[PDB]
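Structural description and commentary
As a plain string of letters, each chain reads:
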Amino acid sequence: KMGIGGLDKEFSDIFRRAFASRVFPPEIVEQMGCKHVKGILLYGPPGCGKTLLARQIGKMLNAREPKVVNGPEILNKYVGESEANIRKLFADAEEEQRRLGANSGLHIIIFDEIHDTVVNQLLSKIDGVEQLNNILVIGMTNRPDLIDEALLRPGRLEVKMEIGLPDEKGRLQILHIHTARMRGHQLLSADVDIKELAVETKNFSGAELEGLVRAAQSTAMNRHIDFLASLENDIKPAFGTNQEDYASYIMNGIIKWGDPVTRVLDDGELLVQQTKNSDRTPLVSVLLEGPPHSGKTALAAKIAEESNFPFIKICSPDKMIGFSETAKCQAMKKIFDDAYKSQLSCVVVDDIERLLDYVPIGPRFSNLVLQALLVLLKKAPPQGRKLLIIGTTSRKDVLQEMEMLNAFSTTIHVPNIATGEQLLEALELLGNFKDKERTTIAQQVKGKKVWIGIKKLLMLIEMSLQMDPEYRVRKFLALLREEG
Amino acid sequence: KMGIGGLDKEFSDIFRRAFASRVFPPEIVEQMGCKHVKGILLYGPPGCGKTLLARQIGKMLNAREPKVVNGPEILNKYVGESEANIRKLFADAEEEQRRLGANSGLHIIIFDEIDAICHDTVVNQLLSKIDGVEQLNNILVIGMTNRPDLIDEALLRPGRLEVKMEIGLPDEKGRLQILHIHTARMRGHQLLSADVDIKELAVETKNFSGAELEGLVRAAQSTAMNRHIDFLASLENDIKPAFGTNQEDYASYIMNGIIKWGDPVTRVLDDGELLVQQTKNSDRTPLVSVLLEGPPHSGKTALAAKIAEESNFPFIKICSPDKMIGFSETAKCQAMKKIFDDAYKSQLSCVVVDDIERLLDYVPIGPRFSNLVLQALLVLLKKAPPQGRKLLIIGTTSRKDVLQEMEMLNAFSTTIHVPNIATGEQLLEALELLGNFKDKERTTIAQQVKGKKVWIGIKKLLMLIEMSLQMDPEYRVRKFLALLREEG
Ligand SMILES: Nc1ncnc2c1ncn2[C@@H]1O[C@H](COP(=O)(O)OP(=O)(O)OP(=O)(O)O)[C@@H](O)[C@H]1O
Ligand SMILES: Nc1ncnc2c1ncn2[C@@H]1O[C@H](COP(=O)(O)OP(=O)(O)OP(=O)(O)O)[C@@H](O)[C@H]1O
Ligand SMILES: Nc1ncnc2c1ncn2[C@@H]1O[C@H](COP(=O)(O)OP(=O)(O)OP(=O)(O)O)[C@@H](O)[C@H]1O
Ligand SMILES: Nc1ncnc2c1ncn2[C@@H]1O[C@H](COP(=O)(O)OP(=O)(O)OP(=O)(O)O)[C@@H](O)[C@H]1O
């Protein structure tokens, strides 16, 4: 019953279905009158440690098959030849079967990361023309869709198993085996707690866990010449579902220069709570319109932080620079798929107008990306999962023409400072100019109208700070004069 | 007379053309003075268990053929070889026959995955032996190929493979035959499941291939094995397919269901059902087209889907934007084409196109749309299924105007409007059916809305309800009202 962390119910059923029908001795099979299943295939997100499962299963099924491994290329060596080889590893099994056929020989052959002749070659050998039973094959692949349809049908590959990311209880199981092994030997860390580690991590693949423990071991080794596990949590992943990177996007934090910002956050909070509640629709779409510049992206990022979903991934142009419309679309699809994988998914789209490549002249924009996006907002996550979409548009007006705007469920304005009060409020929270300086600025704005973002303001501020301590204030007022 | 589930009449024809000529003894052939046909080819959709049929024919035609099996690859070995090997395999039966030609030896060679077989010269080589200048009669070849089109024309042609067999998905009676044999074998031994009925399983399944059908049964004994350490079969029905047809799925598309908030929705559903009946009964016209036009958030896709459960057709599939992202006009065309082909393959079926305006790639500015997909759509829309075949197609749109200017609208036989709620009380009715709010607040809303005018789509409305819930109990309704007014 060891060792494989998590995957016990699914594993149990799959195990039963392939193995139990074979196992009952011996009249039972005739009574069943069912040909033994030919193969079981598992398709999983990358990094799920499918392979460990396969080695264990192969070992478990027979005293000795004894295991056969197939290189991914399979058909490597062009001249005749290789294709024949793909026929050949099977050939040994078929030969054994003709020689002893009836009972009781089982051969296991496995192809990792599974065109022309080889397709047909495998299909013919696995099923038909005559017999070919008494052997089983398991295929491990990152994506189901890539693979050919014909293999899939019940028969040659009747059962297809999808391996989910570990359950928290399951996550606790993967960590639990390694930890238990550490437990059995005297050395252990008292501070570290299994329940605590489990509660802390939702997203991680098995691998991720073994990786974390291993890193903790390295850290421990290092100390001799929470604890190490806590330090590993602090660094080691690189999870790809962790979103440590997202926090960095905002260089200057969020400044409460005024009430509207707070309103944006309680609103963001409401959106998060709603998506958390889970009735009806699990998908919500938001686009927030603000004057060019300010923390459009920053606000979105803070909302994402607030949400605390297991999976947060930010789709932005910068990652995608120079890509063909098709390449960008592929990347986007990839990220959304990854988001589908998590039970809870949070996604943000960065400068949506930029993605489309809208150009005011023309107007020319890349249609393929827009349609893909519209389908995606329209698209609904597979059951049991809730997805959060955040979109930031510099200007809505383009979008209203687009009809993009209709698709989005809710829209939040994020206006630039329009009053002297909010202005000084910003200078104060930012704490840049002196009390005297700020008093002067106030005496030069209070009662007057303004129209400037926060980031743009930050810029003007540093630009004014460069000038001598006697020219800073005047310079500032000289800048605010141009940015009206 | 065993064993092959379904495929009996066709089986009789396949049997009859090759076997009848050869079997009659012996003057009959000379009186006919007709040369025996060389080979039979059957081409089928995947999973029809064609291979089982081949095995049966191989067992059945001769006491010993002796059966010959050909690897798909055929052409393996660069060094000599493949051409030579192919000729060698062809040659032996012929040599036996030349040695004894007259009577009484017939030789059967079986071919699997012909498309791989038929590259360059090696394909040419096969052709020569069958159509060979001297004799070569009394040799029988059967080829199983998933796709007919790929194979060279000369093989299809009378002579080497005069007869071409097309194998249809199992008939319900036939489906009953495939299930019936395994079940019967189970019947013969004492163990059986009393609850399970063959007719019931058959009525439940229309679409499935015979191999797949065996597979559910395979699932079922296994479930029984689990049990020892309807019934199990019912569970298998729940998770055996993987049908590749219908895939129940609709609940996933129809997430919240179809409540009866209004008079119009019922009329529309009924209309759809009447049209379904009409499809089922009209012989003059093979193809039926319908289009649903509504303001955005109407629920048009869900309604179309609802109609699809209602038809109860053997094969139901939905053509979706969601499925296709990032493709190029030609890729969209291929996918659409294949799906519609799949519909032709079934005897009668309903195919639903969802968000057509989106499907085209259309955007309001320009306007910009991708032409190739659209043309594909129109030709497909005009088009008539192979005779004796009926297809039901549903189109979902909100941009009717654009379609009308386009001339898209004209192709459709009929259009049914699917209007957003216009009376506030009707909207209230939707609320009690959904049953979300408590009695008093609903009364307050009723006081607020009665007598006033509204334009709310149903999905959009539910979303508004969800938005309303999030606020505190004494902050739920006012929030809702504010959303409605803002939406105004
Ligand atoms: N839940 C788990 N059960 C078993 N092994 C796991 C699990 N999570 C991670 N692993 C690790 O993963 C390995 C086997 O699965 P693996 O992650 O290799 O699948 P994979 O998709 O091939 O991985 P990768 O894509 O990172 O190469 C084992 O060595 C084990 O350390
Ligand atoms: N009150 C605040 N609101 C928003 N951002 C703030 C605030 N205080 C400091 N910042 C910092 O300002 C940055 C905002 O940049 P952002 O691009 O989001 O603004 P923008 O006007 O949308 O610019 P762009 O037009 O390039 O999108 C963030 O990195 C954030 O950390
Ligand atoms: N209607 C049916 N009649 C006979 N056999 C069936 C039927 N449905 C399923 N089968 C099973 O399927 C097998 C024959 O169909 P098979 O899957 O070989 O056709 P195929 O399309 O050539 O398969 P593939 O293309 O996947 O290799 C038999 O072993 C039989 O048990
Ligand atoms: N009478 C009705 N007609 C349609 N949908 C209804 C009805 N009553 C309740 N609903 C619910 O509303 C939802 C409508 O979903 P659907 O995706 O069809 O909307 P839609 O027209 O596609 O919206 P959009 O076209 O803007 O994406 C379904 O979950 C359905 O259960």
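Residues numbered from 1 in each chain as written, not as in the entry; some residues may be left out. Chains lettered and ligands numbered in written order. Part of a larger assembly, values for the part shown. Heavy atoms only, no water. Residues with missing side-chain atoms left out of burial classes, pairs and counts.

If you check the header, you'll see the entry was determined by cryo-EM and the resolution is listed as 4.200 Å.

The name given to chain B in the PDB entry is Vesicle-fusing ATPase, with Cricetulus griseus as the source organism. The record lists its title as "Structure of ATP-bound N-ethylmaleimide sensitive factor determined by single particle cryoelectron microscopy". We quote the UniProt Subcellular location comment for chain B here in full: "Cytoplasm". Per its UniProt entry, chain B bears the Sequence similarities comment "Belongs to the AAA ATPase family." (UniProt positions renumbered as here; feature names shortened; annotations may be inferred.)

The name the PDB entry gives chain A is Vesicle-fusing ATPase, with Cricetulus griseus as the organism. Its UniProt record gives chain A the following Subunit comment, quoted word for word: "Homohexamer. Interacts with GABARAP and GABARAPL2 (By similarity). Interacts with GRIA2 (By similarity). Interacts with PLK2, leading to disrupt the interaction with GRIA2 (By similarity). Interacts with MUSK; may regulate MUSK endocytosis and activity (By similarity). Interacts with CDK16 (By similarity)." Taken verbatim from the UniProt record of chain A, the Sequence similarities comment is "Belongs to the AAA ATPase family."

A word on the overall build of chain B. For chain B, the helix and strand inventory stands at 23 helices and 12 strands. By the compact-globule yardstick of 23 Å for 488 residues, chain B is too spread out, its C-alpha radius of gyration being 30 Å. By its C-alpha atoms, chain B is 100 × 65 × 50 Å across when sized along the principal axes. (Helix = DSSP H or I, 4+ residues; strand = E, 2+ residues; numbered from the N terminus. Rg over C-alpha atoms; globule rule 2.2 N^0.38 Å.)

This part is about the overall build of chain A. For chain A, the count of helices and strands is 22 helices and 12 strands. For a compact globule of 484 residues, the expected C-alpha radius of gyration is about 23 Å, and chain A comes in at 30 Å, more than 25% above that figure. Dimensions of chain A, computed from C-alpha atoms along their principal axes, come out at roughly 100 × 65 × 50 Å.

What follows is about the sheet that holds strand β4 (residues 135–141) of chain A. Sheets are built from strands paired through backbone hydrogen bonds, the pairs being either parallel or antiparallel. Residues and elements named next belong to chain A. Ordered in space as β2-β3-β4-β1-β5, the 5 strands form an open sheet in which the pairing is parallel. Both outer strands of the open sheet, β2 (68–70) and β5 (159–162), are each paired with one neighbouring strand and no more. Taking the axes of each pair of neighbouring strands and ignoring which way they run, one obtains an average angle of 20 degrees across the sheet. Lying over the sheet, helix α3 (residues 50–61) contacts β1 (39–43), β3 (107–112) and β4, oriented at roughly 170 degrees with respect to β4. (Pairing = 2+ DSSP bridges. Axes fitted to C-alpha atoms, helices over the stretch in contact; angles between N-to-C directions. Contact = heavy atoms within 4.5 Å.)

In this section: the sheet that holds strand β3 (residues 107–112) of chain B. Residues and elements named next belong to chain B. Strand order across the open sheet formed by 5 strands is β2-β3-β4-β1-β5, with parallel pairing between neighbours. Edge strands, defined here as strands with exactly one partner in the open sheet, are β2 (68–70) and β5 (163–166). This sheet shows a mean twist of 20 degrees between the axes of neighbouring strands, independent of strand direction. Where β2 and β3 come together, 3 bridges link them in parallel fashion. Within β3, the position partnered with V69 by the bridge is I110. Docked against the sheet, helix α1 (residues 9–23) engages β1 (39–43), β4 (139–145) and β5, running at close to 170 degrees with respect to β5.

Across the pair A:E482 and A:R481 runs a salt bridge whose closest N-O atoms are separated by 3.1 Å. Ionic pairing is found between B:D342 and B:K338, a salt bridge with its closest N-O pair at 2.9 Å. Of this pair, B:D342 and B:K338 both sit in helix α15 (residues 329–345), 4 residues apart, which is roughly one turn of that helix. Residues joined in a network through salt bridges with shared partners are A:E403, B:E357 and B:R399. (Salt bridge = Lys/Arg side-chain N within 4 Å of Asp/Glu carboxyl O.)

This brings us to the environment of A:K455. Residues and elements named next belong to chain A. Turning to its location among the elements, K455 is positioned in helix α21 (residues 455–465). Linking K455 and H293, residues 162 residues apart in sequence, is a C-alpha distance of 6.5 Å. Once residues within four sequence positions are removed from consideration, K455 is found in contact with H293 and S294.

Our focus in this paragraph is the interface of chain A and chain B. Across the boundary between the two partners, chain A contributes 55 residues, which contact 53 residues of chain B. Ranked by the residues each element gives to the side of chain A that touches chain B, the list is headed by helix α16 (residues 367–378) of chain A, at 9 residues. Taken together, the residues that form the side of chain A that touches chain B break down as 22 nonpolar, 18 polar and 15 charged. (Nonpolar A, V, L, I, M, F, W, Y, C, P; charged D, E, K, R; others polar.)

All names here are of chain A. Between helix α19 (residues 420–430) and helix α20 (residues 435–442), the least distance of the axes is 10 Å, while the angle of their chain directions is 165 degrees. In terms of their interaxial angle, α19 and α20 are classed as roughly antiparallel. Between α19 and α20 lies a crossing of right-handed hand. Listed contacts from α20 to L424, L427 and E428 of α19 are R438, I441 and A442. When grouped by side-chain class, the residues that make up the contact of α19 with α20 number 4 nonpolar, no polar and 2 charged. (Parallel < 35°, antiparallel > 145°, perpendicular 65-115°, else oblique. Left-handed = near helix turned anticlockwise from the far one by under 90°.)

Moving on, we get to the packing of aromatic side chains. Aromatic rings in a pair are described by how distant their centres are and how their planes are angled relative to each other. Between the aromatic rings of A:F15 and A:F19, the centroid separation amounts to 4.7 Å while the plane-to-plane angle is 50 degrees, which identifies the pairing as tilted. Of this pair, A:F15 and A:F19 are both found in helix α1 (residues 9–23), 4 residues apart, which corresponds to roughly one turn of the helix. Relative to B:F19, the ring of B:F15 has its centre 5.1 Å away and its plane inclined at 70 degrees; by these criteria the two rings are edge-to-face. Here the residue B:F15 and the residue B:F19 both occupy positions in helix α1, the gap between them amounting to 4 residues, near one helical turn. Aromatic rings pair up to connect A:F11, A:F15 and A:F19 into one cluster. We note B:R368 situated over the ring of A:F365; from NZ or CZ to the ring centre the distance is 5.0 Å. (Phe/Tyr/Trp six-rings, centres within 6.5 Å; stacked < 30°, edge-to-face > 60°. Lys NZ or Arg CZ within 6 Å of the ring centre and 35° of its normal.)

We now examine unusual backbone geometry. Residue A:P363 follows A:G362 across a cis peptide bond; omega there is 10 degrees. Within the secondary structure, A:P363 sits in the loop between α15 (352–355) and α16. Cis geometry is adopted by the peptide bond preceding B:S104, which originates at B:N103 and carries an omega value of -5 degrees. For B:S104, the position within the fold is in the loop between α4 (82–100) and β3. Although it is not a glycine, A:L132 sits at a positive phi angle of roughly 85 degrees. Looking at the element boundaries, A:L132 is found in the loop between α5 (117–126) and β4. Here B:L7, not a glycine, exhibits a phi torsion of approximately 50 degrees, which is positive.

Residues and elements named next belong to chain A. The positions UniProt marks with the feature "binding site: Mg(2+)" are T297. The topology assignment puts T297 in helix α13 (residues 296–307). Non-local contacts of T297, meaning those with residues more than four positions away in its chain, are made with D350, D351 and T392.

A few words now on the UniProt feature "binding site: Mg(2+)" in chain B. According to UniProt, the feature "binding site: Mg(2+)" maps to B:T301 in the numbering used here. Inspection of the secondary structure assignment puts B:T301 in helix α14 (residues 300–311).

On to the pairing of strand β6 (residues 287–293) of chain B. On a regular strand, each side chain points to the face opposite its neighbour's, so the side chains alternate between the two faces of the sheet. Taken together, the 7 bridges between β6(B) and strand β9 (residues 390–397) of chain B define a ladder with parallel strand orientation. Bridge pairing in β9(B) links B:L291 to B:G395.

Here we come to the pairing of strand β9 (residues 386–393) of chain A. All names here are of chain A. Both strand β6 (residues 283–289) and β9 contribute to a ladder of 7 bridges, which runs parallel. The residue of β9 that forms the bridge with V284 is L388. Pairing of strand β8 (residues 344–349) with β9, which is carried by 6 bridges, proceeds in the parallel orientation. From the neighbouring strand, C346 faces β9, where its bridge partner is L388.

So, on to the packing of helix α12 (residues 259–277) of chain A against helix α22 (residues 458–470) of chain B. Two elements in contact, α12(A) and α22(B), have axes whose closest approach is 9 Å; the angle formed by their N-to-C orientations is 110 degrees. With respect to each other, α12(A) and α22(B) are oriented roughly perpendicular. In this structure, the crossing between α12(A) and α22(B) has a hand that is right-handed. Packed against α12(A), whose contacting residues are A:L270, A:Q273, A:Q274 and A:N277, the element α22(B) presents B:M463, B:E466, B:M467 and B:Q470 at the interface. Here the contact of α12(A) with α22(B) is composed, by residue class, of 3 nonpolar, 4 polar and 1 charged.

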